[PDB]
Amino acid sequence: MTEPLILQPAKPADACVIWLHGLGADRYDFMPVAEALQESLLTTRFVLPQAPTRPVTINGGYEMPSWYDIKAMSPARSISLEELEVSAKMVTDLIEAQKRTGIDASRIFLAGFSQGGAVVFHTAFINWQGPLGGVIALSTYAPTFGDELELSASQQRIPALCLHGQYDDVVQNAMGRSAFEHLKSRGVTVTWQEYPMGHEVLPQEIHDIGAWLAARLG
């Protein structure tokens, strides 16, 4: 286990975003983003975990950081559900590790990009039974959501922000919109934002995440 990066904010922290990267990236991949946001969010810690290094099937069993195995791209994205739930258990330990440092669970947010986003959806709306600031889901999808999904009263009150490219060829705009629709139909305050890009992060998309966090925190 590589330890997560902890980027300290300008003032003493009273909120926290835990941010998961996508397939094959490391804890640093989102450092420049966490830093852009800490320019306006003066009391919000960013905790950047790193996925276990493990074999990824679609990549010839190449070992690389990965939240769960992907075993097929087409026609059905076939994944390790067992590896996802472990990652999800990891993130829940993190939330608890952050509460112990004195951050109120209502001011902890989960963010995820791509493969990381799928672990953030499972954590907040399947595993987590407490307060929570928010979920921020970036160019992603919830492989573990389904018509049988049911949300407890607590999970219902976690706000979510779902962002996606129009031209994303890896995670289809629809797959990301299908996770947004699951939550919308179940009474979850949820926002949808699209941007003219592919499977990437844009400067304006980061501005909007800042605006959205600053609204939840104030």
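Throughout, we count residues from 1 along the sequence that is shown.
Stretches 38 to 46 and 179 to 187 differ in mean CA B factor, with 38 to 46 having the higher one. Averaged over Cα atoms, the B-factor as recorded in the entry is higher for 84 to 92 than for the other of 84 to 92 and 133 to 141. Among all modelled residues in its chain, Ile58 ranks in the highest third by Cα B-factor. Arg107: CA B factor lies in the lowest third for its chain, per the PDB record. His122: CA B factor in the middle third of modelled residues in this chain (values from the PDB entry).
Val33: CA B factor lies in the middle third for its chain, per the PDB record. Annotation for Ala211: CA B-factor lies in the middle third of the chain's modelled residues.
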